[PDB]
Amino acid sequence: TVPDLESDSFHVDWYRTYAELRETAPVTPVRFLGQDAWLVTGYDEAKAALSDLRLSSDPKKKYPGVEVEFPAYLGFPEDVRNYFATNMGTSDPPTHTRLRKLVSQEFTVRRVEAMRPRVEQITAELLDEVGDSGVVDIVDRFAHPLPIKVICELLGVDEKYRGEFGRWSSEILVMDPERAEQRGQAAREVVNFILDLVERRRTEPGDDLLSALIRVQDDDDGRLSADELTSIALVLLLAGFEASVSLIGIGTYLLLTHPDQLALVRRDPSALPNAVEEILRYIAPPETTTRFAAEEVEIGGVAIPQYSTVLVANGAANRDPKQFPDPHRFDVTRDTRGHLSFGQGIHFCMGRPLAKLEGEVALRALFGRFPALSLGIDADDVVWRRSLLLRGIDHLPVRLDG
């Protein structure tokens, strides 16, 4: 019986489901969105897969008699897919190399650190607005607005252009065959929004990251083409805040349900950085990441046939007991080195410095401002986003004063 990634087994106590699969076959056939695929749940296997470049990240490449379909582009018209997939994460070397090197020249640690004061101020202002007591949805009031405001400032997106794309991005995070048309339509809205944003930045340059990317170049890697610039801007906008929203929300939930863990962090401030790493290891937002077998590729003693769609379960790998002992225990003091929540290999997250900064500042500020913060509902009643693309929490009631 081939597992169906659409079943509740993968959205209800799903890490137990992953453990059962890993135990039987760390690399096994599955069904998803009406197509055959291979799910990799073992840590060694997942790391090997992400390191094997025969497993391509480019959905635009064409192969004779093959119709390449990445689950994440469900409902996307071809031109829209291209707008979404002409960037680092959707490119293979040598294209990937050139794009990443050019973007790395401007998306630096220096630029990220320069934003630290802004992240702190935005965080402070959002917390100032929730009051001192009562129940509030910490996602709508904090976890979601902080990252979205930060990415907008990083990319030169004016205030008048912010309270809208969040809704489209949300529809895109879920992959429901029933809403394939609406998903494709939300995608087109994001494209149109980015096209107007780039147009505005080209005519009115600033000191933001997008303005800089419009000018970036180098003798060897040349520069970003119009299509590359637009697509990179699009992914930087979406990935630039959604993963962070998931981190802050999941992090808040985990600390609220692990009193011992929270106490330790509050006790020793130097322990916060690793707490964020453990939060990402425990429940990775990018639960699975997709690859396409350009050639036959053997992983874990299993021959993945050419043209196969491979779903590397980053999250499942993080709970492989062979790599992370007592994997189901959330321990902010554990050695988290090696987790795959930021990827592995040439596509390793470019936003890691900003993600860690946002998580550290956000959680430190939230739990520091509200010492009696408690969950507004039973832990078992929290609703987890039904998505293998980006796991997270969209609504989380909390009691500001316990």
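The first residue of the sequence shown is number 1, and the count goes up from there.
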Legend entry - Comparing 150-158 with 285-293, the one whose average Cα B-factor in the PDB entry is higher: 150-158
Legend entry - Between 31-39 and 46-54 (mean CA B-factor, as deposited), the higher: 31-39
Legend entry - Top Cα B factor in the deposited entry, candidates 214, 235, 256, 72: 256
Legend entry - Out of 359, 351, 65, 338, residue topping the C-alpha B-factor column of the entry: 65
Inset, instruction - Rank-wise, by C-alpha B-factor, drop residue 385 into the lowest, middle or highest third of its chain. - result: middle
Inset, instruction - Taking the chain's C-alpha temperature factors as the reference, tell me which third residue 130 falls into: lowest, middle or highest. - result: highest
Inset, instruction - Taking the chain's C-alpha temperature factors as the reference, tell me which third residue 80 falls into: lowest, middle or highest. - result: middle
Inset, instruction - Among all modelled residues of this chain, ranked by Cα B factor, put residue 101 in the bottom, middle or top third, i.e. lowest, middle or highest. - result: middle
Legend entry - Chain third (lowest, middle, highest) by recorded CA B-factor, residue given as residue 138: middle
